[PDB]
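query32.tsv (TSV, C-alpha atoms) appears below.
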```tsv
chain	number	residue	atom	x	y	z
E	1	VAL	CA	0.00	0.00	0.00
E	2	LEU	CA	1.54	3.27	-1.20
E	3	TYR	CA	-1.35	5.50	-2.36
E	4	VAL	CA	0.76	7.94	-4.35
E	5	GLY	CA	-2.16	9.94	-5.73
E	6	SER	CA	-4.71	7.29	-4.94
E	7	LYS	CA	-8.10	8.77	-4.02
E	8	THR	CA	-8.28	12.45	-4.92
E	9	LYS	CA	-11.15	14.68	-6.02
E	10	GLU	CA	-9.61	17.53	-8.01
E	11	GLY	CA	-11.15	20.03	-10.39
E	12	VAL	CA	-14.71	19.19	-9.39
E	13	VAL	CA	-18.01	21.07	-9.17
E	14	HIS	CA	-20.82	19.02	-7.64
E	15	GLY	CA	-24.10	20.35	-6.30
E	16	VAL	CA	-25.54	23.49	-7.90
E	17	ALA	CA	-29.02	25.00	-8.08
E	18	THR	CA	-29.88	28.10	-10.08
E	19	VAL	CA	-32.94	30.14	-11.03
E	20	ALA	CA	-33.36	33.19	-13.26
E	21	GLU	CA	-36.82	34.69	-13.70
E	22	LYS	CA	-36.55	37.68	-16.08
E	23	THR	CA	-32.91	38.36	-16.94
E	24	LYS	CA	-32.59	40.75	-19.86
E	25	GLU	CA	-29.03	40.57	-21.18
E	26	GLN	CA	-27.61	42.56	-24.07
E	27	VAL	CA	-24.07	42.65	-25.46
E	28	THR	CA	-22.62	44.78	-28.26
E	29	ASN	CA	-19.03	43.96	-29.19
E	30	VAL	CA	-16.95	45.72	-31.84
E	31	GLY	CA	-13.56	44.20	-32.56
E	32	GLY	CA	-13.00	42.73	-29.10
E	33	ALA	CA	-13.82	39.78	-26.85
E	34	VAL	CA	-16.77	39.13	-24.53
E	35	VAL	CA	-17.40	36.20	-22.17
E	36	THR	CA	-20.64	36.13	-20.18
E	37	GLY	CA	-22.71	33.55	-18.32
E	38	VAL	CA	-20.25	30.83	-17.29
E	39	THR	CA	-21.46	28.39	-14.64
E	40	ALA	CA	-20.66	24.92	-13.28
E	41	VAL	CA	-17.38	24.39	-15.13
E	42	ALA	CA	-14.37	22.30	-14.16
E	43	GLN	CA	-11.18	20.96	-15.71
E	44	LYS	CA	-7.72	19.63	-14.94
E	45	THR	CA	-4.64	20.25	-17.08
E	46	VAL	CA	-1.31	18.45	-16.70
E	47	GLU	CA	1.68	20.18	-18.30
E	48	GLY	CA	-0.30	22.95	-19.96
E	49	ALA	CA	-1.70	26.44	-19.52
E	50	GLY	CA	-5.38	25.97	-18.73
E	51	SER	CA	-7.61	29.04	-18.57
E	52	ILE	CA	-11.32	28.61	-17.87
E	53	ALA	CA	-12.72	31.91	-19.19
E	54	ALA	CA	-10.00	33.93	-20.90
E	55	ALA	CA	-10.66	36.95	-23.11
E	56	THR	CA	-7.84	38.36	-25.24
E	57	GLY	CA	-9.23	41.25	-27.26
E	58	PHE	CA	-6.42	41.10	-29.83
E	59	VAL	CA	-2.98	39.65	-30.52
E	60	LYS	CA	-0.65	41.47	-32.92
E	61	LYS	CA	2.91	40.62	-33.98
E	62	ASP	CA	3.72	42.79	-37.00
E	63	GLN	CA	7.00	42.73	-38.91
D	1	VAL	CA	-0.89	-2.66	-4.03
D	2	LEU	CA	0.59	0.64	-5.23
D	3	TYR	CA	-2.35	2.83	-6.33
D	4	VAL	CA	-0.30	5.32	-8.34
D	5	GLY	CA	-3.27	7.28	-9.67
D	6	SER	CA	-5.77	4.59	-8.86
D	7	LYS	CA	-9.17	6.02	-7.89
D	8	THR	CA	-9.41	9.70	-8.76
D	9	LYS	CA	-12.33	11.90	-9.81
D	10	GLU	CA	-10.86	14.77	-11.80
D	11	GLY	CA	-12.46	17.27	-14.15
D	12	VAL	CA	-16.00	16.37	-13.11
D	13	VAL	CA	-19.32	18.20	-12.83
D	14	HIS	CA	-22.08	16.10	-11.28
D	15	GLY	CA	-25.36	17.38	-9.88
D	16	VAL	CA	-26.87	20.51	-11.44
D	17	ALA	CA	-30.38	21.96	-11.58
D	18	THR	CA	-31.30	25.06	-13.55
D	19	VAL	CA	-34.41	27.07	-14.44
D	20	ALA	CA	-34.90	30.12	-16.65
D	21	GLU	CA	-38.38	31.57	-17.04
D	22	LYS	CA	-38.19	34.58	-19.40
D	23	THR	CA	-34.57	35.32	-20.30
D	24	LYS	CA	-34.32	37.73	-23.21
D	25	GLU	CA	-30.78	37.61	-24.57
D	26	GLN	CA	-29.42	39.63	-27.48
D	27	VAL	CA	-25.91	39.79	-28.92
D	28	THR	CA	-24.53	41.95	-31.72
D	29	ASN	CA	-20.94	41.19	-32.70
D	30	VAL	CA	-18.92	43.00	-35.36
D	31	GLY	CA	-15.51	41.53	-36.14
D	32	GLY	CA	-14.89	40.05	-32.69
D	33	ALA	CA	-15.64	37.07	-30.45
D	34	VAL	CA	-18.54	36.37	-28.10
D	35	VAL	CA	-19.10	33.41	-25.75
D	36	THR	CA	-22.32	33.28	-23.71
D	37	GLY	CA	-24.32	30.67	-21.85
D	38	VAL	CA	-21.81	27.98	-20.86
D	39	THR	CA	-22.95	25.51	-18.21
D	40	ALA	CA	-22.08	22.04	-16.89
D	41	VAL	CA	-18.82	21.57	-18.78
D	42	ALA	CA	-15.77	19.51	-17.87
D	43	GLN	CA	-12.58	18.23	-19.46
D	44	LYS	CA	-9.09	16.95	-18.75
D	45	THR	CA	-6.05	17.62	-20.92
D	46	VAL	CA	-2.69	15.87	-20.60
D	47	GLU	CA	0.26	17.65	-22.23
D	48	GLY	CA	-1.79	20.40	-23.84
D	49	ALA	CA	-3.23	23.87	-23.36
D	50	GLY	CA	-6.89	23.34	-22.53
D	51	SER	CA	-9.16	26.37	-22.32
D	52	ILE	CA	-12.85	25.89	-21.57
D	53	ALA	CA	-14.32	29.18	-22.85
D	54	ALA	CA	-11.65	31.25	-24.59
D	55	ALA	CA	-12.39	34.27	-26.77
D	56	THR	CA	-9.61	35.73	-28.93
D	57	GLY	CA	-11.08	38.61	-30.91
D	58	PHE	CA	-8.30	38.52	-33.52
D	59	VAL	CA	-4.84	37.12	-34.27
D	60	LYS	CA	-2.57	38.99	-36.68
D	61	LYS	CA	0.99	38.20	-37.80
D	62	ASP	CA	1.72	40.39	-40.81
D	63	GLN	CA	4.98	40.40	-42.77
R	1	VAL	CA	-1.81	-5.30	-8.04
R	2	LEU	CA	-0.39	-1.97	-9.24
R	3	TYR	CA	-3.38	0.18	-10.30
R	4	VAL	CA	-1.39	2.71	-12.31
R	5	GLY	CA	-4.40	4.64	-13.60
R	6	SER	CA	-6.85	1.91	-12.77
R	7	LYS	CA	-10.26	3.28	-11.74
R	8	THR	CA	-10.57	6.96	-12.59
R	9	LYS	CA	-13.53	9.12	-13.59
R	10	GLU	CA	-12.12	12.03	-15.59
R	11	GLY	CA	-13.79	14.52	-17.90
R	12	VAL	CA	-17.30	13.56	-16.82
R	13	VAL	CA	-20.64	15.34	-16.49
R	14	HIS	CA	-23.35	13.19	-14.92
R	15	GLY	CA	-26.64	14.42	-13.47
R	16	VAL	CA	-28.20	17.54	-14.99
R	17	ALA	CA	-31.73	18.94	-15.07
R	18	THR	CA	-32.73	22.04	-17.01
R	19	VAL	CA	-35.87	24.01	-17.85
R	20	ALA	CA	-36.44	27.06	-20.04
R	21	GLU	CA	-39.94	28.47	-20.37
R	22	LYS	CA	-39.82	31.49	-22.72
R	23	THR	CA	-36.22	32.29	-23.66
R	24	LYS	CA	-36.05	34.72	-26.56
R	25	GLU	CA	-32.53	34.66	-27.97
R	26	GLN	CA	-31.23	36.72	-30.88
R	27	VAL	CA	-27.74	36.93	-32.36
R	28	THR	CA	-26.43	39.13	-35.17
R	29	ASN	CA	-22.84	38.42	-36.20
R	30	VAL	CA	-20.88	40.27	-38.88
R	31	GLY	CA	-17.46	38.86	-39.70
R	32	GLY	CA	-16.78	37.36	-36.28
R	33	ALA	CA	-17.46	34.37	-34.04
R	34	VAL	CA	-20.32	33.61	-31.66
R	35	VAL	CA	-20.80	30.63	-29.32
R	36	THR	CA	-23.99	30.44	-27.24
R	37	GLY	CA	-25.93	27.79	-25.37
R	38	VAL	CA	-23.37	25.13	-24.43
R	39	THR	CA	-24.44	22.63	-21.78
R	40	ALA	CA	-23.51	19.17	-20.49
R	41	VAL	CA	-20.27	18.75	-22.43
R	42	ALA	CA	-17.17	16.73	-21.56
R	43	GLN	CA	-13.98	15.51	-23.21
R	44	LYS	CA	-10.47	14.27	-22.54
R	45	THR	CA	-7.47	15.00	-24.75
R	46	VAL	CA	-4.08	13.29	-24.48
R	47	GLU	CA	-1.18	15.13	-26.14
R	48	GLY	CA	-3.28	17.86	-27.71
R	49	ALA	CA	-4.77	21.30	-27.19
R	50	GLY	CA	-8.41	20.71	-26.32
R	51	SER	CA	-10.72	23.72	-26.06
R	52	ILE	CA	-14.40	23.18	-25.27
R	53	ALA	CA	-15.92	26.45	-26.51
R	54	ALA	CA	-13.31	28.57	-28.27
R	55	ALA	CA	-14.12	31.59	-30.42
R	56	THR	CA	-11.39	33.10	-32.61
R	57	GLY	CA	-12.92	35.97	-34.56
R	58	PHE	CA	-10.17	35.94	-37.19
R	59	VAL	CA	-6.71	34.59	-37.99
R	60	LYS	CA	-4.49	36.51	-40.43
R	61	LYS	CA	-0.94	35.77	-41.59
R	62	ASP	CA	-0.27	37.99	-44.60
R	63	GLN	CA	2.95	38.05	-46.60
B	1	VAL	CA	-68.55	39.44	-25.07
B	2	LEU	CA	-69.01	38.21	-21.49
B	3	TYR	CA	-66.13	35.79	-20.78
B	4	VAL	CA	-67.69	34.16	-17.72
B	5	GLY	CA	-64.96	31.56	-17.23
B	6	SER	CA	-63.55	31.98	-20.70
B	7	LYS	CA	-59.77	31.47	-20.80
B	8	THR	CA	-58.52	29.89	-17.60
B	9	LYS	CA	-55.63	27.53	-16.86
B	10	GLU	CA	-56.55	25.64	-13.70
B	11	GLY	CA	-55.15	22.46	-12.19
B	12	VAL	CA	-52.11	22.41	-14.46
B	13	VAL	CA	-48.52	21.21	-14.19
B	14	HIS	CA	-46.39	22.11	-17.20
B	15	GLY	CA	-42.60	22.06	-17.37
B	16	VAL	CA	-40.75	19.52	-15.22
B	17	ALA	CA	-37.29	17.95	-15.38
B	18	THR	CA	-36.10	15.24	-13.02
B	19	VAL	CA	-33.06	13.00	-12.54
B	20	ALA	CA	-32.34	10.22	-10.05
B	21	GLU	CA	-29.01	8.42	-10.21
B	22	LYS	CA	-28.94	5.74	-7.48
B	23	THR	CA	-32.06	5.98	-5.31
B	24	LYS	CA	-32.47	2.93	-3.12
B	25	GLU	CA	-36.02	2.87	-1.78
B	26	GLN	CA	-37.52	0.27	0.53
B	27	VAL	CA	-40.98	0.09	2.10
B	28	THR	CA	-42.39	-2.45	4.55
B	29	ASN	CA	-46.09	-2.00	5.34
B	30	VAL	CA	-48.12	-4.12	7.74
B	31	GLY	CA	-51.85	-3.42	7.82
B	32	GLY	CA	-51.61	0.24	6.85
B	33	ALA	CA	-51.24	2.63	3.91
B	34	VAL	CA	-48.16	3.96	2.12
B	35	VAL	CA	-47.91	6.49	-0.72
B	36	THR	CA	-44.47	7.32	-2.12
B	37	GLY	CA	-43.05	8.86	-5.27
B	38	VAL	CA	-45.80	11.12	-6.63
B	39	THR	CA	-44.76	13.65	-9.26
B	40	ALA	CA	-46.29	15.82	-12.00
B	41	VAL	CA	-49.94	15.25	-11.11
B	42	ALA	CA	-52.94	17.51	-11.66
B	43	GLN	CA	-56.73	17.34	-11.53
B	44	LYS	CA	-59.88	19.41	-11.21
B	45	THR	CA	-63.02	18.30	-9.39
B	46	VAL	CA	-66.39	20.05	-9.56
B	47	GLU	CA	-68.83	19.20	-6.75
B	48	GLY	CA	-66.68	16.51	-5.17
B	49	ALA	CA	-63.98	15.81	-2.62
B	50	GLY	CA	-60.77	15.45	-4.62
B	51	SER	CA	-57.63	14.32	-2.81
B	52	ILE	CA	-54.41	13.86	-4.77
B	53	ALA	CA	-52.43	11.57	-2.45
B	54	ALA	CA	-54.56	10.47	0.49
B	55	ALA	CA	-53.63	7.64	2.85
B	56	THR	CA	-56.25	6.30	5.27
B	57	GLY	CA	-54.69	3.44	7.20
B	58	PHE	CA	-58.06	1.98	8.21
B	59	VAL	CA	-61.79	2.71	8.37
B	60	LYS	CA	-63.93	0.89	10.94
B	61	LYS	CA	-67.65	1.20	11.68
B	62	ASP	CA	-68.60	-1.74	13.89
B	63	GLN	CA	-72.09	-2.46	15.19
G	1	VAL	CA	-66.78	42.95	-22.15
G	2	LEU	CA	-67.30	41.74	-18.58
G	3	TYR	CA	-64.46	39.28	-17.81
G	4	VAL	CA	-66.08	37.69	-14.77
G	5	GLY	CA	-63.40	35.06	-14.23
G	6	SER	CA	-61.94	35.44	-17.68
G	7	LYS	CA	-58.17	34.87	-17.74
G	8	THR	CA	-56.97	33.29	-14.50
G	9	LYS	CA	-54.13	30.89	-13.72
G	10	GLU	CA	-55.12	29.04	-10.56
G	11	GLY	CA	-53.79	25.85	-9.01
G	12	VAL	CA	-50.72	25.74	-11.25
G	13	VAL	CA	-47.15	24.49	-10.92
G	14	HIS	CA	-44.97	25.34	-13.92
G	15	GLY	CA	-41.18	25.24	-14.04
G	16	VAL	CA	-39.39	22.69	-11.85
G	17	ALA	CA	-35.96	21.07	-11.96
G	18	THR	CA	-34.83	18.35	-9.57
G	19	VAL	CA	-31.83	16.06	-9.04
G	20	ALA	CA	-31.19	13.29	-6.53
G	21	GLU	CA	-27.88	11.44	-6.63
G	22	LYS	CA	-27.88	8.78	-3.89
G	23	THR	CA	-31.02	9.07	-1.76
G	24	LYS	CA	-31.51	6.04	0.44
G	25	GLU	CA	-35.08	6.04	1.73
G	26	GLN	CA	-36.64	3.47	4.04
G	27	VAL	CA	-40.12	3.35	5.57
G	28	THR	CA	-41.60	0.85	8.02
G	29	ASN	CA	-45.30	1.36	8.75
G	30	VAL	CA	-47.40	-0.72	11.14
G	31	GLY	CA	-51.11	0.03	11.17
G	32	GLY	CA	-50.81	3.69	10.18
G	33	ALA	CA	-50.37	6.05	7.23
G	34	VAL	CA	-47.25	7.32	5.48
G	35	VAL	CA	-46.92	9.84	2.63
G	36	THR	CA	-43.45	10.61	1.27
G	37	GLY	CA	-41.97	12.11	-1.88
G	38	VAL	CA	-44.67	14.40	-3.28
G	39	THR	CA	-43.56	16.90	-5.91
G	40	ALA	CA	-45.02	19.08	-8.68
G	41	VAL	CA	-48.70	18.57	-7.84
G	42	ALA	CA	-51.66	20.87	-8.44
G	43	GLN	CA	-55.45	20.76	-8.35
G	44	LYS	CA	-58.57	22.87	-8.08
G	45	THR	CA	-61.75	21.82	-6.30
G	46	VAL	CA	-65.09	23.61	-6.52
G	47	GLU	CA	-67.58	22.82	-3.73
G	48	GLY	CA	-65.49	20.10	-2.11
G	49	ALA	CA	-62.82	19.38	0.48
G	50	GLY	CA	-59.60	18.96	-1.48
G	51	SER	CA	-56.50	17.79	0.38
G	52	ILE	CA	-53.27	17.28	-1.55
G	53	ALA	CA	-51.34	14.97	0.81
G	54	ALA	CA	-53.53	13.91	3.73
G	55	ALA	CA	-52.67	11.09	6.12
G	56	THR	CA	-55.34	9.80	8.51
G	57	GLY	CA	-53.84	6.93	10.48
G	58	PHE	CA	-57.25	5.53	11.45
G	59	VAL	CA	-60.97	6.31	11.56
G	60	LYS	CA	-63.16	4.54	14.11
G	61	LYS	CA	-66.89	4.90	14.80
G	62	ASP	CA	-67.91	1.98	17.01
G	63	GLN	CA	-71.43	1.32	18.28
V	1	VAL	CA	-64.97	46.45	-19.23
V	2	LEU	CA	-65.55	45.28	-15.66
V	3	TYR	CA	-62.76	42.78	-14.85
V	4	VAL	CA	-64.45	41.23	-11.81
V	5	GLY	CA	-61.81	38.56	-11.23
V	6	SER	CA	-60.30	38.90	-14.66
V	7	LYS	CA	-56.54	38.28	-14.66
V	8	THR	CA	-55.41	36.70	-11.41
V	9	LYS	CA	-52.61	34.26	-10.58
V	10	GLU	CA	-53.67	32.44	-7.42
V	11	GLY	CA	-52.41	29.24	-5.84
V	12	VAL	CA	-49.31	29.07	-8.03
V	13	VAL	CA	-45.76	27.77	-7.65
V	14	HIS	CA	-43.53	28.57	-10.62
V	15	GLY	CA	-39.74	28.41	-10.70
V	16	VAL	CA	-38.02	25.85	-8.47
V	17	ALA	CA	-34.61	24.17	-8.52
V	18	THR	CA	-33.56	21.45	-6.11
V	19	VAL	CA	-30.60	19.13	-5.53
V	20	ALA	CA	-30.03	16.36	-2.99
V	21	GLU	CA	-26.74	14.46	-3.05
V	22	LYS	CA	-26.83	11.81	-0.28
V	23	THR	CA	-29.99	12.17	1.80
V	24	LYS	CA	-30.55	9.15	4.01
V	25	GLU	CA	-34.13	9.22	5.26
V	26	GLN	CA	-35.76	6.68	7.56
V	27	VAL	CA	-39.26	6.62	9.04
V	28	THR	CA	-40.81	4.16	11.48
V	29	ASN	CA	-44.51	4.72	12.17
V	30	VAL	CA	-46.67	2.68	14.54
V	31	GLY	CA	-50.37	3.50	14.52
V	32	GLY	CA	-50.00	7.14	13.51
V	33	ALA	CA	-49.49	9.48	10.56
V	34	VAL	CA	-46.33	10.70	8.84
V	35	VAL	CA	-45.93	13.19	5.98
V	36	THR	CA	-42.43	13.91	4.66
V	37	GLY	CA	-40.88	15.37	1.52
V	38	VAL	CA	-43.54	17.69	0.08
V	39	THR	CA	-42.36	20.16	-2.55
V	40	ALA	CA	-43.75	22.34	-5.35
V	41	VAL	CA	-47.44	21.89	-4.56
V	42	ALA	CA	-50.36	24.23	-5.21
V	43	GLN	CA	-54.15	24.17	-5.17
V	44	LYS	CA	-57.24	26.34	-4.95
V	45	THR	CA	-60.46	25.34	-3.20
V	46	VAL	CA	-63.78	27.18	-3.47
V	47	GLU	CA	-66.30	26.44	-0.72
V	48	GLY	CA	-64.28	23.70	0.95
V	49	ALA	CA	-61.66	22.96	3.57
V	50	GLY	CA	-58.42	22.48	1.66
V	51	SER	CA	-55.36	21.27	3.56
V	52	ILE	CA	-52.11	20.70	1.68
V	53	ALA	CA	-50.25	18.38	4.08
V	54	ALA	CA	-52.49	17.37	6.97
V	55	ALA	CA	-51.71	14.54	9.39
V	56	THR	CA	-54.42	13.31	11.76
V	57	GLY	CA	-53.00	10.43	13.76
V	58	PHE	CA	-56.44	9.08	14.69
V	59	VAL	CA	-60.14	9.92	14.75
V	60	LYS	CA	-62.39	8.20	17.28
V	61	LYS	CA	-66.13	8.62	17.92
V	62	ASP	CA	-67.22	5.73	20.13
V	63	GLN	CA	-70.76	5.13	21.36
```
Please express what this file holds, its structure, as structure tokens.
Amino acid sequence: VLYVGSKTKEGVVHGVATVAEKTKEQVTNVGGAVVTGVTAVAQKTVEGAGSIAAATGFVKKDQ
Amino acid sequence: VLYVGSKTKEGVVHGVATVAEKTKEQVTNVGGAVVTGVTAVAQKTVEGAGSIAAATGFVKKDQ
Amino acid sequence: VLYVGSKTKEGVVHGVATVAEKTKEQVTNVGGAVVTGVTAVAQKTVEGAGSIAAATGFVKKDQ
Amino acid sequence: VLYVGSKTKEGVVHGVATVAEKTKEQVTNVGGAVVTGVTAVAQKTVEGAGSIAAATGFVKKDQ
Amino acid sequence: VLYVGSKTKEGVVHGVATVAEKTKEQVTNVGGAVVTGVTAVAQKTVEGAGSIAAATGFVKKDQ
Amino acid sequence: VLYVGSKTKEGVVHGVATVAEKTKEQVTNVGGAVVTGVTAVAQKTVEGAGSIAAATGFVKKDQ
């Protein structure tokens, strides 16, 4: 018996309850990035750059 | 018995309840990125860059 | 008995309940990217860049 | 135009979502009444005694 | 135009979301009444005694 | 236009979200009444005695 990483619970979302009666939502993007309404999300990354809700409006490398 | 990574629970979403009665939603994108309404998502990446809800409005490498 | 990665539960979404009574939704994209209404999604990537809901509005490499 | 009882919506159940993963259930009745697991039920009674989930363990009128 | 009882919404249950992962439930009745697990129920009674979840363990009228 | 009882919303339950992960429940009745787990219930009674979750353990009229 060694149990190196035996019984873990990592990157987990369990048990959620949500209501939304009258939620007007309005976005107007021009040349950018927009990230709305993210809920009950999970992940696990090994040897990588993991971003749940990133928003890079632009990337420019001119030469 | 070694149990190196034996019994894990990683990148998991279990147990969700959602309601939405009258949810007006309106988007208007022009030349960009938009990410709305993400729910109950999970993943696991090994040796990679895993992004759940990314939004890159542009990528430019001119020469 | 070694159990290297024996009994895992990774990249999983189990148990979801959803209702939506009167959900007006309206999108208007012009030359970009739009990602709406994502629910109950899962994946696992080994040696790769796995993105659940990405949105790249443009990619340009001019020469 | 009188509209005495014109456009009603009475005794109604509309819009339900349910999940049950591992629900052990065990009953043991002896000489009585048991009522379990009632969901999404509706009725309308006119000039009567309407009971959705009644449980009378006994009725005795000895003479 | 009189609209005596024209456009009503009475005795209504609309919009429900439920989850139950591992719900052990155990009843043991002896000579009585038991009423468990009632959900999303509606009714309308006119000129009557309407009881949704009643439980009368006994009724006795001896002579 | 009189609108005596025109546009009402009476005896209504709309919009509910519930979760229950590991809910052990155990009842043991002997000669009585028990009422557990009632949720999202509605009714309307006109000219009557309406009780949602009543529990009369006994009724006795001896002569």
I want to know what sits within 10 Å of residue 33 in chain R, based on only C-alpha atoms, with residues of the same chain fewer than 4 positions away left out; could you give that as a short mmCIF file (atom, residue, chain, number, x, y, z; two decimals) with C-alpha atoms, keeping the file's coordinate frame?
```
data_model
loop_
_atom_site.label_atom_id
_atom_site.label_comp_id
_atom_site.auth_asym_id
_atom_site.auth_seq_id
_atom_site.Cartn_x
_atom_site.Cartn_y
_atom_site.Cartn_z
CA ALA E 33 -13.82 39.78 -26.85
CA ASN D 29 -20.94 41.19 -32.70
CA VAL D 30 -18.92 43.00 -35.36
CA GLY D 31 -15.51 41.53 -36.14
CA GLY D 32 -14.89 40.05 -32.69
CA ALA D 33 -15.64 37.07 -30.45
CA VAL D 34 -18.54 36.37 -28.10
CA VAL D 35 -19.10 33.41 -25.75
CA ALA D 55 -12.39 34.27 -26.77
CA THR D 56 -9.61 35.73 -28.93
CA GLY D 57 -11.08 38.61 -30.91
CA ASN R 29 -22.84 38.42 -36.20
CA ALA R 54 -13.31 28.57 -28.27
CA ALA R 55 -14.12 31.59 -30.42
CA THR R 56 -11.39 33.10 -32.61
CA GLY R 57 -12.92 35.97 -34.56
CA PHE R 58 -10.17 35.94 -37.19
#
```
Residue neighbourhood range 8-11 of chain R, 6 Å, all atoms listed in the file, exclusion window fewer than 4 positions, as a list in words
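Near range 8-11 of chain R, the qualifying residues are residues 7, 8, 9, 10, 11, 12, 42, 43 and 44 of chain D; 42, 43 and 44 of chain R.
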So what do you get for CA of residue 2 in chain G versus CA of residue 47 in chain G, distance-wise?
24.1 Å
Please provide the set of residues having any atom within 8 Å of residue 48 in chain R, restricted to all atoms listed in the file, with same-chain residues fewer than 2 positions apart removed, written as a short mmCIF file (atom, residue, chain, number, x, y, z; two decimals) with C-alpha atoms, in the frame of the given file.
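The resulting file, out-v1.cif, is shown below:
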```cif
data_model
loop_
_atom_site.label_atom_id
_atom_site.label_comp_id
_atom_site.auth_asym_id
_atom_site.auth_seq_id
_atom_site.Cartn_x
_atom_site.Cartn_y
_atom_site.Cartn_z
CA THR D 45 -6.05 17.62 -20.92
CA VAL D 46 -2.69 15.87 -20.60
CA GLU D 47 0.26 17.65 -22.23
CA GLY D 48 -1.79 20.40 -23.84
CA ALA D 49 -3.23 23.87 -23.36
CA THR R 45 -7.47 15.00 -24.75
CA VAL R 46 -4.08 13.29 -24.48
CA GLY R 50 -8.41 20.71 -26.32
#
```
Show me, as a PyMOL selection string, the residues that have an atom within 10 Å of residue 41 in chain B when counting all atoms listed in the file, minus same-chain residues fewer than 5 positions from it.
(chain B and resi 11-14+52-53) or (chain G and resi 13+38-43) or (chain V and resi 41)
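Note that the spacing between CA of residue 60 in chain G and CA of residue 28 in chain G amounts to 22.7 Å.
Distance criterion 10 Å to chain D, applied with all atoms listed in the file, yields residues 14, 15, 16, 17, 18, 19, 20 and 21 of chain V on chain V.
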What is the CA of residue 37 in chain B to CA of residue 36 in chain G distance in Å?
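These two atoms are separated by 6.8 Å.
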